[PDB]
C-alpha cells in the first residue's frame, strides 16, 4: 500500500535524477531495507572517503521517518561509534514531504556543517568548537583510516 508505493516512487526519482555523489536502494528484494553510500563532500575533511549507511523504512512510511545509520566509522560530533545519527528530520522534524533523496542531502549537509550543540560525541563537539584545524586534521585521519 502507501509505504511501498512511496518507496518505489522515491527509488525511481533517485535513479532518474541521480545525485552526484550519493547512492541508495534496496539491499536485495526487500523494499523496506536499503543500503546507501555517500562520498565525502569535496572541500570537507571527508573528501575521498566513501561512507556506507543502512536504511530501514517503517510500515507507516511516509508518516514516520526511516531509521538511518552509518556502517562506516566517521569522526563527527553528531554520529556515534554505533553509526547512530543525531539529525532533527530523523526524529522530531520528520514530514511526509521528505523523501530518501532529501534525507541523503540533509546527511551530506550535516557532514559538511555539524550541529555541535546537539552532539552524540561530546569530545568531537568540543574540539569542533574550540580548535577547527585540529578537528579537520583528525577527521581527515579517520577518513584515511576507515573510509578509503
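Positions refer to the first chain, counted from 1.
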Comparing 118-126 with 96-104, the one whose average Cα B-factor in the PDB entry is higher: 118-126
Between the two ranges 135-143 and 12-20, the one averaging a larger CA B factor in the entry: 12-20
Per the PDB entry, maximal CA B factor within 81, 54, 47, 109: 81
Within-chain third of residue 64 by Cα B-factor, per the entry: middle
Chain-wide C-alpha B factor ranking for residue 39, given as lowest, middle or highest third: middle
